[PDB]
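The structure's right below; bear with me while I get my questions together.
The sequence lines fix the lettering, A, B, ..., with proteins before strands; numbering per chain opens at 1. Quick note: numbers below take in every heavy atom, side chains included, and nothing from hydrogens, waters or symmetry partners.
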Number of protein chains: 2
Amino acid sequence: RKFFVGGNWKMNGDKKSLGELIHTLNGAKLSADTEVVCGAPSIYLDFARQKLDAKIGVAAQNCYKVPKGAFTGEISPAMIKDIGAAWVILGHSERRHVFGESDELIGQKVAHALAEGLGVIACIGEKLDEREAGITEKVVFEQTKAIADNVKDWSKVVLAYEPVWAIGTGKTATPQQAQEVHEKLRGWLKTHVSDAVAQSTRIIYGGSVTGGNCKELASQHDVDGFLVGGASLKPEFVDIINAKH
Amino acid sequence: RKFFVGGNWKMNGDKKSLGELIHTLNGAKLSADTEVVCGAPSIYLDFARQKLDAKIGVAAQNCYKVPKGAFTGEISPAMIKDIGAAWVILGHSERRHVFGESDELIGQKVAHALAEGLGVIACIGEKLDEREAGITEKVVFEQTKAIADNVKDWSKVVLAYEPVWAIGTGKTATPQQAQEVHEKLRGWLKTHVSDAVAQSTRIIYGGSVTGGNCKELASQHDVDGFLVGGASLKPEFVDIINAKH
């Protein structure tokens, strides 16, 4: 499995500061063995794709489930491809809990984006109350099933495990808690999809990854890379890309 | 009150099709007395702003209520200004009924967008069941109050009355039905805000406006322009702009 590092810029940046960041990435020495993707605000997707070196992919932070129509404020996979972006982040924790997107809706989005030829970073993760209650497993397996049910070809899918309690809080999961879930998710895939799918699908970790953290997390056997928020807007993003080196 | 015509492209287009549409608009003989604004998909705001004649304004179709943060998938007024767009469409029917955006949220977006210096086109309108139950007035005044209590400077606000039953259905409101609601809203403004605000605020109509029904609607005394959906993607949009000729 090729190590994968995605940067989710969330709702940050302007052309000046994003221009700066992109110039930094373009001139940096990034490991040839890492697949890098930058998820930019929709208003700057075109901008980002035009300025980033070709080896770095671009991802949209969200999309809707049909190519066109009466959906004021939404964008579709066809528009994302039009711009030259190759991926979309779906099921993000903020979409789920702040914007109320349901599992059913996320599933429809995944099916459509894949049908349209885009790669998908699909996010799953339990809340603090769920972890404390000890139902982390039931929660993620249920979210995964919603995604799986809509995946025909797993070759363009990356699963991102991001515990809600770890997102933007500074409370990173320990390497052992990340490994435990990744291992269980990989087993879910093996029993419910197939051995081949489980072996080739990248399962990445997200939730307060820093230049400081990454090396120990990246050494876990079932951790295939990371989905980075806050640190993707800093110079230390380079260190994260290079975690396995 | 300067006649105002806005095109709401909704989730439609690619650079090739929007490029042609724009070419047509830059070359058309548009009334010197109509203020025109085009509402483009966020992915295309930069493109649209670069291509359209400076005399035509560009509007985003939605935005969030803070300048930046951990809101995966959203865009802010600050980003919209960065690109050079000067308006935002807030409270559109599809955001209310498909995406669940509440009055409280819309009022917060309005206040933030105005604080950031953007012009706002705020949408209001009742459902068929509300109309038939005899509560159109109750529903539109409730929606307008949620917006108005969040407006410090009306100079940059445009109110758009778009009955839900008329959006994309072909069931245009008759001139008498539109005029009735516009007159009542202007009446609300006068008693809840001020006479000065009532006479200068444009109240535009939307919901199946076509090159064919526009002249009659535009002759109504309280109709100040339109918010066009489906027809804004067609050459007849030029005829709508020129509805008073």
CD1 of A:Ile240 to CG of A:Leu217: how many Å apart, nearest 0.5 Å?
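Taking CD1 in A:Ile240 and CG in A:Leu217, the distance rounds to 10.0 Å.
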Between A:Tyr205 and A:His182, what is the ring plane arrangement, given parallel below 30°, perpendicular above 60°, and tilted in between?
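A:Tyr205 and A:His182: tilted rings.
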dist B:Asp149:CG -> B:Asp103:CG (nearest 0.5 Å) comes out at 11.0 Å
With a 4.5 Å limit on heavy-atom distance, are the side chains of A:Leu114 and A:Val157 in contact?
yes
Backbone of B:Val36 reached by a side-chain donor or acceptor of B:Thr34 within 3.5 Å
no
Report, by ascending residue number, the residues of residues 40-47 of chain B in heavy-atom contact with chain A at a distance under 4.5 Å; give 'none' if the set is empty.
B:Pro41, B:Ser42, B:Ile43, B:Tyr44, B:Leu45, B:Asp46
For chain A, which residues from residues 77-96 of chain B lie under 4.5 Å away (heavy-atom distances)?
B:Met79, B:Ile80, B:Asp82, B:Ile83, B:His92, B:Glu94, B:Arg95
With a 4.5 Å heavy-atom cut-off (strictly below), which parts of residues 3-14 of chain A touch chain B? List them by number.
A:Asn8, A:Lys10, A:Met11, A:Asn12, A:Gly13, A:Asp14
Taking the side chain as everything from C-beta on, heavy atoms only, tell me whether B:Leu25 gets closer than 4.5 Å to B:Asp53.
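They are not in contact (no side-chain heavy atoms under 4.5 Å apart), so the answer is no.
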Rounded to the nearest 0.5 Å, what separates atom CH2 in A:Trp165 from atom CG in A:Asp129?
13.0 Å
Pairwise side-chain contact, A:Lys16 with A:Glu20, heavy-atom cut-off 4.5 Å (strictly under)
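No, every pair of side-chain atoms sits at 4.5 Å or beyond.
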Any sub-3.5 Å donor-acceptor pair from B:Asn26's side-chain atoms to B:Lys51's backbone N or O?
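Looks like yes, one N/O pair under 3.5 Å.
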Show your reasoning for whether side chain to side chain contact (heavy atoms under 4.5 Å, CB included) applies to B:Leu30 and B:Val238.
CA-CA 7 Å; B:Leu30 302 186; B:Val238 176; 3.6 Å; yes
Of all the residues in residues 54-72 of chain B, which have a heavy atom that comes within less than 4.5 Å of a heavy atom in chain A?
B:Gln61, B:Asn62, B:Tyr64, B:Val66, B:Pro67, B:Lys68, B:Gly69, B:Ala70, B:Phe71, B:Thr72
Quick one: closest heavy-atom pair of A:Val139 and A:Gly125, and the distance?
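Looking at all heavy atoms of both residues, the closest pair is CG1-O, 4.2 Å.
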Answer whether the closest heavy-atom distance between the side chains of B:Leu21 and B:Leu18 falls below 4.5 Å.
yes
Do A:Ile147 and A:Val120 have side chains that approach each other closer than 4.5 Å (heavy atoms only, starting at C-beta)?
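No, their side chains stay 4.5 Å or more apart.
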Rounded to the nearest 0.5 Å, what's the gap from CD1 on A:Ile203 to CG on A:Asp224? Could you check?
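The CG atom of A:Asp224 is 6.5 Å from CD1 of A:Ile203, to the nearest 0.5 Å.
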Nearest 0.5 angstrom please: B:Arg202 CZ to B:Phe226 CZ, how far?
14.0 Å
Here the gap from A:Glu162 atom CD to A:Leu159 atom CG, rounded to the nearest 0.5 Å, amounts to 11.5 Å
